[PDB]
Structure formats: structure tokens, C-alpha cells
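Visitor: This is the structure, below, for whatever I ask next.
4 protein chains.
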Amino acid sequence: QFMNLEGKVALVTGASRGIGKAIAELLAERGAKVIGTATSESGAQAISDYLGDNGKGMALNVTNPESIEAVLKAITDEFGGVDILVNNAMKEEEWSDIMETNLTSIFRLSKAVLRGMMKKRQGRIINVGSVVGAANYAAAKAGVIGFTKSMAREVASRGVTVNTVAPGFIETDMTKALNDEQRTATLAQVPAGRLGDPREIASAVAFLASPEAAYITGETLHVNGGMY
Amino acid sequence: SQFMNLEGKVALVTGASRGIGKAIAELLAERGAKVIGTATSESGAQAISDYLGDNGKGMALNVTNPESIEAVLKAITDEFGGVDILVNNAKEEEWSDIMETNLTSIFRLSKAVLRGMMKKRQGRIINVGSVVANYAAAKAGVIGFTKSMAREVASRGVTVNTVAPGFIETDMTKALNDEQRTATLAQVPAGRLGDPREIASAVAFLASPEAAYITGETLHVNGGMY
Amino acid sequence: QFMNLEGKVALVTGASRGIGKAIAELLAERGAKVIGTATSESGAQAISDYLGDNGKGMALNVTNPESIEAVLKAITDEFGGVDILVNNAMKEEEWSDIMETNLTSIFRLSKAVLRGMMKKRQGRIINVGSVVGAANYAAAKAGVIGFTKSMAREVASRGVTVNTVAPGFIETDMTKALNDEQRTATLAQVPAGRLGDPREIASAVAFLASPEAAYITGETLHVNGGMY
Amino acid sequence: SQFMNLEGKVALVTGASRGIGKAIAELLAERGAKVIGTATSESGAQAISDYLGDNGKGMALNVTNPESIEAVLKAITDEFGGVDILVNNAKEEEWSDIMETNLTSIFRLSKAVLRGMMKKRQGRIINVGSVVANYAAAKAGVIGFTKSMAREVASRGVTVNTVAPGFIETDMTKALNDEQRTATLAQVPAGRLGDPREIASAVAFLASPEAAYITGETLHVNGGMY
């Protein structure tokens, strides 16, 4: 009974590796039927292989409303309606790309799943913010929280919660590349004196996803070791 | 499973007699913790001991008195081991009493358990704020203090966090007049009162090994109130 | 001496009416040379007429980097470099329009003026957020603050401050349209029990613009009568 | 000009002897306010009276004592008129003293001036927080209290706000060792200490008729610290 996701259908974007993956795997351990996603059909297959009987991969282009419609219809058809949504992850271009990837795509896919969730008076939307390395990332991240809080207020009456998980410095593929010099400047900024693990983000997501977290909405949960 | 297991942890829950304090203690016991729940009197401590059974016991505790703190912690150290998880729960006369109950006592007891936690490089301090001016000042004080303490001790494996409840279903709420209830709901977007279990769920999460990288956080459980 | 803007060149976007106007007028009273802007040349003339000797209107398209370059060169040529910048003011389209008007345009024009400001070790950038009526507006507004805080940190060392003024419910052209029924629901939400005046936003902007406010940066100043 | 003029206002500034308290009192006097600056002793009150001259005077004040509060306010009411602007400026022994100086005293004196301000539908209460754990808890308490009080009294024309300074140039900072100064700057993005005038500028703004729609705000003057 305690924090069990048996009977839930979870849509995890960006499920191929790292945080996206660690989330998908944990939600699977907790009993959820996990549809993890990737921008390509190959990545979707890699997702399908690690999930096995606990779900599958699907190719998804969040910039395209038809690709969204078809994925949700497909999920509704095999699994039931998505109960849990987890949204994962200088020129004029870097800006407009970050705003699309880290903000607009988070808005669009959130609005899309809500129809079905509010029909059921039950849903969980969780937006995972970008892990720290800035203006562009800061602007998008604060935009998501902005949006999360307003959407939270509009839908709380209909049994849907909308929350954000804000990671600090997390041990990932990229972070190992930063040399022993650049390593220490990162740890200097964290009171814990260590990088966070992708499992720790997944733990925060799964809690918020649980029936136990039904009265938590419009919250930003920081997982940063005191780097605030 | 190893997921969110508190087996091997000793939890001190203040204000454990009823409602939120009780719901916390019970859940931490379900998760495998050895729970010492507290009350201001020896009778309340007995009531606590009866509901916990083999998963812990009740102790009398006066947080305004440093000696009563010292003796409770030595007693817990003696029967159970050092406290691993601390849950701090609880005109002029209005003010100075609120500042003592909802702030100073939270400071004092937090500082007291820290010695042992930093020796182990492992601890959890969780301050539960008051249910929704004197209360506002105390509550903001705790978060103030939680954040500064969090920074000082994160290096030594201790996390310090706050859980901030909204409007929660209690003894108190059965006296809410016909539309006085309606008046309170109007402020909560979720359209309902929160359950004490939901506060306990938030506490137990933050208490878990899984929440090691969460410190200096305020976790609001309010159905959208803010 | 006290809060005097004599010797400052202020660029106020959206200066045609209401808040934009009230800002431009006040900064003019305080001694600044005010270039107020509008999307058209006609609006720019209307601006020029109310400012008189204290500045002028210029047509500006913030979505176009060339229109930005040319306006700044023109200001540099007649007045000196901009010392103070004040940035003023559901389909897929409503979203992407709000993100452009209330966020991307605020980023772009901010980045553009910074070159000259950091050469002088002196500048003021102030972003006025949208007045309240939501997800789209909330997302953009929180994005601006997000961006304001990161940019503030990057440039504070070089004598530039970057701040936000966040208005509540403000008495404007639009707000009078809301009927005597819809009027009271607005006042219900404000502890003050009244709408704010556009002068009150302009007062907050001009303070932050002053030499006196040199140690204020990365701040969101709320002018909302307690509606927080 | 009528811009940010405090002519006709009576301002009470606690902690007016030196530094920030002084810089505040002086500026509010330049803006035309009748400034009563305070000190814990009668000698300090005299020093205050000497620098203010015709723009106000010094009074001795013990914020821990309700009678000392009552008598100072009656005295101000008697010579100047009711206070229009209040600027609240200022082991176990460490803690309970900080909570009294930086929090309870702020509460008490705020509540005291409110009576007269709400009768006039016009007032300004401004709490200056401590310069950068006990301090964190007090400071967060004041903002806590500021926000709850702000909500309760905004309808009656009184605004209540906080100014939160960062690292400011004082007596204290001349004792900062060669690179201990450098260590403190490292945390401030502006690369410099703030001037007491800059705190006074923020206070005087919020004190102005222009700032009538600002209430329940924390105004940080920190060069980007946060």
C-alpha cells in the first residue's frame, strides 16, 4: 500500500539515459506502467529493452501536437490514460532552443495530458528542472516553476497535482568530463560536499507521484545538498 | 525491498500524543523506525507507549528545560541508541509563549541531538510548522533557522528540513461553524482539508536515506494554499 | 542631488500609454533624458509630443536585432549611451506570443544595452512585469525574474544593476471595462482594498533607476497592496 | 517639488546612535521628517539630539519594557504628533537575547504605534534586518511577522515592509583581517561593501507617500548576495 504505483500509467520524457532513465526505472520498481520516450525510434527501442514487462519505449516529438496526440492515443489504447507525467530536461538560437526544450515543450505536453487526468479527478504532473552548470537555463527553469504554480492552482480542485523537482549538481555523463580542477569548484558551492545521484532525483519524483503526495501541489522540491 | 526503510533508525517525535504528531510516529514505526514519541506529562507518555507497543515508547519531555532534554536523550541513547531522526512537531503572554513553543524549543532540541548525529555522519532533523501573526513569526523563524543550520551541517551528513502544513483535519475543525468551514476551504484550491497522514508522509520521506541530498528545504503540504 | 537622474539617458519601451507613459514622464521629472518607444512611427510621434525637450519618441521592433542596433546607435548619436533601460509589458499562438512579448524581447533588449553599460561601469536595467488579470503570463513573468536574477549576478561586478518591478492590480484603460460585479472580486483579492496607480509603478522604477539604488540588484520589487 | 517629501511626518528610528540607524535618521531629516532617534541610554539620546538639531531629537528607549514604550510614544505624541513612520532598526544567553533584540522588540514596538496610525489611515512601519543561525532565525521571524501584520493592516492605510541589508561598511569591518575582507567580498557579486546611506535610501523610499502600494515586501540591499 505505502507509495505503491501499481495501477498507474507513467509517461517519462527523456527516458533514454541518466535522470530520465533513473526515474523510469524507479517508477517501474514502485509498480507503475512506464512509457519512457525518446526523440527517435531507436532510442525508444533501447528504452523498451531496459523496461521489459514493466512498460515500453515510444518515439515522441514534443514540438509536434500530432506526435503528442498519437502517442497519448497509443498509450490510452494499450495501457489506459496517463496518470503520471514526468517532464525531463550565446546566439539568438541557444536562447530560443532552451526556451523550446526547457519550457514550451513542458507547457504543451502538460496541457495535453490534463484533459484525461481531470476526467478521472486524478493525476500527477512533475517537471524536472535542468541540472546546474546560465541566463537561458535560469529563465526557462524559473518559467517552468512559474507555470507549475499557476497550473497547480487551476487544477487542484480536480484531483491533479502539478509540482517541480529542481536538481542541484548531479553526477552524470557530462559532469565526469569536468577536470579535477573544475570538480572542486563545483563541490565548493555545495554544502553537502558531494554531487547528487540521479536516483535521488528519481526518489523525489516518485514520492510526489505517489497517492501519499495528493495534498502537495505547486511546490518546487529542491534536491541540491544545500546549494540554494 | 530497501525502499525508504527506516529499520535501524531511532526517531524522536515531539508532540506525539494526537493528530499530526501521532500520525507521524505511527508511520515512522510502519517504516521500521524505533519511535520515541513525547508528551509534556507522564500520562500522555503512557498513552504514546500503548499505541506504539514493541516499535518504541513514550517519554515525558519539557523542551523549555535543558536538563529535561539532557535526561531524555541519555535515556534514549541508553535503551535505543542515539537519535537518528528528530521530528520537532509542536498581549505579551500570547507572544512569548508562541516564540518558546514554536521556535526556541525547536532550536534547543535541534542543537542537542546534533552532537551525536555529526559523530555518525548521519541524521535527519525535520521541523513541522504550525497548522494554518505570532504564528507567522515563529514559523518563519523555524524556516530561517532550518536554512542556516542546514548549511552548517550538510557537510557532516545531517539534513535539516521543514514541512509546512496548510489546513489539516483535526479536533479543532469539528468546531468550525456551518459556513466557517466553507470560508476556510475557499482559500485552499484543492477544495479539501489535508489529512494528518499526509503530513506524516512528507516527514517520513524526508526522514528516508533516499532524501539525503534534500536539506534546507521547506516542503509545503497545503493543497495549493500559499 | 537626492534621486536625481540629470545626466542619465533612459530607454523606456512601451511608452505610448499607461504604465509605460507614467514611467517615461516621471524619469523626465527626475532629470533623465527619456527616449520612449512604440512599435510604429505614429506612436513615436505621440511620445515625442508629451516629452518635449526632455527627450523623444522612437519606433522600435524588439523582435528585430537590426531595429535594436539602429535605435541604440541613434540614441548614442543624439544623447549618449543608454544608462537606464526599462522593459515594459488558449492556442499555441497565445503562448508563443506571450513568451515573445513578455520574455524573449526582455532578454534580447537587455543583452543589447549591456555592452555600453559595462564599458561605463554604470547602468540600470529594470523589467516591469505584467499587471495581473494566467499560465502564460505567469510563465513569462517568472521567466523574467529568473533571467533578471542570473543576469544580475553576472554583471554586478561591472556597475550595472538588473531588477524587476512586479505590479499587482493597477488602474488602467482595461481595468475600468470590468463591470461593478467584476470590480469587487478584484478588490477582494487586495489587502489594501484598492487598485494601484500607474504612478506607483513609476515611483518604484525611478527609485531603482537612481544612483541611490546602486547596491540593489537581482531584486523583485512588488507593488501590489499586499496581494502576494 | 512634492516628490518623496516627508514634511509633516514624524519618524521614530530605533538604534539611531551610529552607522545605519544614524544614516537613516539623517536622511529622513533631509527629506523633511521630524525624526526622533533612539538609544538605550540618556547619553546616547543626547548625542542623537546634537546631530539632528532642529529636525528632531534623541530619546532614551528600552524596547524590552512596555512602560518605556508607552512613555516615549506619549512624549512624542505630546511634542510632535503621533508617530507616522516607525523604523525598527537594531549557549542560551546568545539565543534568547537575539530573539528579544531582533524580533520581540520589533513586534512590540510595531504593535504599539499601530493604534495611532490606523486612526489616521496613514502609517509606515519599516524593519531593518541585521547586517550579514540565531540571526537567521530572528531575521526570518521579522519578515514572517512583517508579512502577517502587512496583510492585517493594509486596508487601513498602513504599510509594513522589511529592508534586508547584505554586507555593509561599519565600525565592525575595520577589524576584518587582510584576506578576511577578501573572503567576505567573494560572496558579494557587486565586489564591494554597501554603504549605510544605501540602507537609508531604501528605508526613505518605502517611507514615502510614493510607496503606499508597497506592503509586505522584503527589500534586499545586498549587491547580489542572496
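Protein chains in written order, with the deposited numbering: chain A, 3 to 91, 102 to 145, 152 to 246; chain B, 2 to 91, 103 to 144, 153 to 246; chain A', 3 to 91, 102 to 145, 152 to 246; chain B', 2 to 91, 103 to 144, 153 to 246. A prime marks a further copy of an entry chain. All C-beta atoms, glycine included, are put in the ideal place defined by N, C-alpha and C.
1) Cα separation between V14/A' and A91/A'?
2) Go ahead and pull the three-state DSSP assignment for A91/A'.
3) Tell me the rounded alpha-carbon separation between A24/B and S228/B.
4) DSSP state of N154/B, grouped into three classes?
5) If we cut at 8 Å on Cβ distances, does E237/B' have a partner in chain B?
6) Can you find the residues in the same chain that come closer than 6 Å, C-beta to C-beta, to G82/A', ignoring five residues on each side of it along the sequence?
7) By alpha-carbon positions, which one of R171/B, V180/B, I86/B ends up nearest to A34/B?
8) Checking contacts by CB at 8 Å: is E189/A closer than that to chain B?
9) List, in chain order, every chain B' residue whose beta-carbon is nearer than 9 Å to that of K35/B.
10) Have a look at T179/B and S122/B and give me their C-alpha separation to the nearest angstrom.
11) Along chain B, in chain order, which residues have C-beta atoms closer than 7 Å to that of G244/A?
12) By the 10 Å Cβ neighbour count, where 16 or more other Cβ atoms means buried, how is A195/B' classified, buried or exposed?
13) Which chain A' residues sit within Cβ distance under 8 Å of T116/A?
14) Please report how far the alpha carbon of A48/A lies from the alpha carbon of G59/A, in whole angstroms.
15) Give me the Cα-Cα distance between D79/B' and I70/B', rounded to the nearest whole angstrom.
16) DSSP beta-bridge partners for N63/A'?
17) On a Cα-Cα basis, can you pick out the residue from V208/A, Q134/A, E106/A that is closest to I188/A?
18) Using DSSP with H/G/I as helix, E/B as strand and the rest coil, what is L239/B'?
19) Kindly indicate the opening and closing residues of the beta strand (DSSP E) around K35/B.
20) Please tell me whether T65/A' and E106/A' are closer than 8 Å, where the distance is taken between their beta carbons.
21) Give the straight-line distance between the Cα atoms of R133/A and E199/A', rounded to the nearest whole angstrom.
22) Roughly how many angstroms lie between the CA atoms of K131/B and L7/B, to the nearest whole one?
23) Under 8 Å, do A174/B and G244/A count as touching if we go by C-beta distance?
24) Following the continuous beta strand (DSSP E) through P185/A', name the residue where it begins and the one where it ends.
25) What first and last residue would you give for the alpha helix (DSSP H) that runs through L196/A?
26) Which two residues bound the contiguous beta strand (DSSP E) that contains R212/B?
27) Run through chain B and tell me which residues come within less than 7 Å of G9/B', C-beta to C-beta.
28) Can you tell which of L62/A', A157/A', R217/A' has the C-alpha that lies nearest to the C-alpha of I110/A'?
29) Note the first and the last residue of the continuous alpha helix (DSSP H) segment covering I234/B'.
30) The alpha helix (DSSP H) with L13/B in it runs from where to where?
31) If you draw a straight line from the alpha carbon of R176/B' to that of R32/A, how long is it in whole angstroms?
32) Give me the DSSP bridge partner(s) of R136/B'.
33) Determine which residues of the segment 187-217 of chain B have a Cβ less than 7 Å from any Cβ of chain A, and write them out in chain order.
34) Buried or exposed: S18/A', going by 16 or more other Cβ atoms within 10 Å of its Cβ?
35) Indicate the three-state DSSP secondary structure (helix, strand or coil) for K58/B' in the structure shown.
Guide: Put simply:
1) If you draw a straight line from the Cα of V14/A' to the Cα of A91/A', it comes to about 11 Å.
2) In the displayed model, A91/A' falls within coil according to three-state DSSP, outside both helix and strand.
3) Answer to the nearest angstrom: the Cα atoms are 16 Å apart.
4) Looking at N154/B - three-state DSSP - the assignment turns out to be helix.
5) Judged by the 8 Å Cβ criterion, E237/B' is not in contact with chain B.
6) The answer, listed in chain order, is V11.
7) When each option's Cα is compared against that of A34/B, the closest is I86/B.
8) Chain B, which has no Cβ nearer than 8 Å to the Cβ of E189/A, makes this no.
9) Those do not exist, as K35/B stays about 29 Å from chain B' at its closest Cβ, beyond 9 Å.
10) Taking the CA atoms as reference points, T179/B sits about 11 Å from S122/B.
11) The answer, in chain order, is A170, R171, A174, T235, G236.
12) Answer is exposed; the Cβ neighbour count stays below 16.
13) Residues of chain A' with a Cβ closer than 8 Å to the Cβ of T116/A are, in chain order, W107, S108, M111.
14) Roughly 7 Å separates the two Cα atoms.
15) Approximately 14 Å, taken between the alpha carbons.
16) Answer is none; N63/A' lacks a bridge partner.
17) In this structure, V208/A is the residue among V208/A, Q134/A, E106/A with its C-alpha nearest to the C-alpha of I188/A.
18) In this structure, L239/B' counts as strand in the three-state DSSP scheme.
19) Unbroken beta strand (DSSP E) run through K35/B: 35-40.
20) Not in contact: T65/A' and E106/A' (Cβ atoms no closer than 8 Å).
21) Near 31 Å, if we compare the C-alpha coordinates of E199/A' and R133/A.
22) Taking the straight line from one Cα to the other gives about 19 Å.
23) Yes; because the gap between Cβ atoms is below 8 Å, this pair is in contact.
24) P185/A': member of the beta strand (DSSP E) spanning 178-185, first to last residue.
25) Per DSSP, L196/A belongs to no alpha helix (DSSP H) and is neither H nor E.
26) Segment: none, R212/B is in no beta strand (DSSP E) and carries neither H nor E.
27) Chain B residues near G9/B': none, gap ~30 Å exceeds 7 Å.
28) When each option's Cα is compared against that of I110/A', the closest is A157/A'.
29) Taken as a continuous stretch (DSSP letters only), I234/B' belongs to no alpha helix (DSSP H), as it is neither H nor E.
30) Run containing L13/B: none in the alpha helix (DSSP H); it sits in the beta strand (DSSP E), 11-14.
31) Approximately 54 Å between the Cα atoms of the pair.
32) Bridge pairing for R136/B': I86/B', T179/B' [DSSP].
33) If the cut-off is 7 Å between Cβ atoms, the segment 187-217 of chain B has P209, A210, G211, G214 near chain A.
34) By the beta-carbon neighbour count (other beta carbons within 10 angstroms, threshold 16), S18/A' is buried.
35) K58/B' sits in a strand when the DSSP states are folded into three classes.
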